[PDB]
Amino acid sequence: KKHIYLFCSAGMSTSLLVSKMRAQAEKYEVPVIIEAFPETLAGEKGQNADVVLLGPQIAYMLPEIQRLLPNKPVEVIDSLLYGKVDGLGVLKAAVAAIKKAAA
Amino acid sequence: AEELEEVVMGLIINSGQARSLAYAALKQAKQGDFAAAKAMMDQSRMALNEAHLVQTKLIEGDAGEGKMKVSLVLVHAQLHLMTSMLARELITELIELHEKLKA
Amino acid sequence: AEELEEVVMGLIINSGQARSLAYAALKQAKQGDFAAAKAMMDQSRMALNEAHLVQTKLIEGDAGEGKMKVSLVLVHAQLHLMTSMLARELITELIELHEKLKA
Amino acid sequence: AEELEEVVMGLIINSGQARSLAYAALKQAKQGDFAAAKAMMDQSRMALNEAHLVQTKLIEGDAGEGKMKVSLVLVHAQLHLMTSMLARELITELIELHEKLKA
Ligand SMILES: O=[P-]([O-])[O-]
């Protein structure tokens, strides 16, 4: 089971996206664990993720998070997919980042 | 909701950035850099002011969904904004004390 | 609800204990006991960290009762936790000042 | 609601006045007026105590509208009261520091 960790300031507004992603992962039997955390834990929690996703509001922090976790694929969630709360779409992008990372 | 929810995320992030700047301002004071501290507080204040202004609108037109009831998120923004504003004010006082400490 | 409600009580108590320890830490500083103050601060931080971690889970899975709506108590725990964490951080700064005051 | 709503307004105003007095108390300290500062803090505390007492009643009998659910405004008063009380306590510490600073 791969760990997909999302970051935002407190971990709420993204919490709704996480619940929809979990529903989708169950529907299609994707072996993943999805958790939302505030951006303050990106360095502490990110070390255990298989893929690190940043909320659209914290995109400006991408370079810093990449330097903090040089051994993890880190990327920003598409703002439209995020605004629309597209659990399936974001789940797809996360699995993709993992595949493109393992090869 | 769509905007209100995305707006709250922005407010939470803004409030978080405000605090971050405030703590950074304090750090400058510890380094004996009163000039940089002062500049950082000013920007932090401006950030909050803009955030507070947005919240003001969010409280004036909090109606729509129901009569007595209001948007629940109003609190996620108020809580973060109130905490950040208070923190900054106290931090400002703390910085002034550093100045009095001579250092 | 059952757990969520009992959990909030625990969080409120934990947050309260955290503040209590923080104030106690400050009191130690006033007595000129930097060692005890430092130790008390560390424990307070750890208590908050555990409390924050529990809240994080409570925000990631805040869904269930309804789509847009979330557990009401989430705020109660957030309010107490946010206040306690902020107070503790400021108290830490205050303690550092006591150290600079020489005493 | 009628009273609860009007009561919250009173609490918010009271909390605001409390903070106002607290900051004013601090200002007195900056002027080197420990006597006036002390008097102002005492009054601020009494104002908060009365406000807290009213809130206590508002939390003990928060039932009526529904089983699990409680008055929404309870938070509004709690948020303001918690922030004001915390601020005042920290301000008290800050004032004590001014006294230690000799000035
Ligand atoms: O918890 P969040 O949506 O900043």
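Annotations
- Normalising the average separation of contacting C-alpha pairs (under 8 angstrom, six or more residues apart) by the number of residues puts the relative contact order of chain B at 40 percent.
- Cα radius of gyration and Dmax for chain A (Å): 12.3, 35
- Peptide C:65-72 - average C-beta neighbours from other chains (10 Å radius): 4
- Rounded to the nearest whole Hz, the Karplus-based 3J(HN,Hα) values (6.51 cos²θ - 1.76 cosθ + 1.60, θ = phi - 60°) of region B:10-27 follow the sequence x, 4, 4, 5, 4, 4, x, 4, 4, 4, 3, 4, 4, 4, 4, 4, 4, 4, with x at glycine and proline.
- Chain A, relative contact order in percent, only Cα pairs under 8 angstrom and at least six apart counted: 33
- Pseudo-label separations to other copies for C:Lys27 - Cα-to-Cβ vector, 7 Å, nm: 3.3, 3.3
- The residues packed around A:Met12, meaning those with a beta-carbon under 10 Å from its beta-carbon, carry a net charge of -3 if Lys and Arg are +1 and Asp and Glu are -1.
- For chain A, GluC sites (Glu not before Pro) meeting the loop criterion (DSSP other than H, G, I, E, B) and having at most 15 other Cβ atoms within 10 Å: A:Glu29.
- Working note: 222 nm ellipticity from helices only, DSSP H runs with n ≥ 4, each -39,500 (n - 2.57), summed and divided by the residues of chain B, gives -29000 deg cm²/dmol to the nearest 500.
- With a cut-off of 11 Å between beta carbons, the residues surrounding C:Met40 carry a summed charge of +2, where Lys and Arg count +1 and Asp and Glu -1.
- The helix-based estimate of mean residue ellipticity at 222 nm for chain A, built from -39,500 (n - 2.57) per DSSP H run of four or more residues and divided by its residue count, is -13000 deg cm²/dmol to the nearest 500.
- The residues C:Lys102, D:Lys57, A:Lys20, when put in order of fewest to most other Cβ atoms within 10 Å, stand as C:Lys102, D:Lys57, A:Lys20.
- For residues of B:96-102, the mean tally of beta carbons on other chains within 10 Å: 4
- Between the alpha-carbon centres of region A:44-103 and region C:12-64 there is a gap of 31 Å.
- Hydrodynamic analysis of chain B uses the Kirkwood radius over alpha carbon pairs. Inserted into Stokes-Einstein at 4 °C and 1.567 mPa s, it gives a translational diffusion coefficient of 89 µm²/s.
- Cα-based helix-to-principal-axis angle, D:73-100 vs chain D, degrees rounded to 10: 10
- Relative intensity, log₁₀ I(q)/I(0), of the protein assembly as shown from a Debye sum that treats every alpha carbon as a point, q = 0.11 Å⁻¹: -0.89
- Set of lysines with alpha-carbon distance to C:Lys100 below 24 Å, sequence-local pairs under 8 removed: B:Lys27, B:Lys30, B:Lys38, B:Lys100, B:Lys102, C:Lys27, C:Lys30, C:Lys38, D:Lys27, D:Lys30, D:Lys100, D:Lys102
- Residue mean of other protein chain beta carbons inside 10 Å, A:15-27: 3
Each value in this text was obtained by applying a stated rule to the coordinates, not by laboratory testing. Positions of Cβ are backbone-derived with ideal geometry, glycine not excepted, and every protein chain shown enters the neighbour counts.
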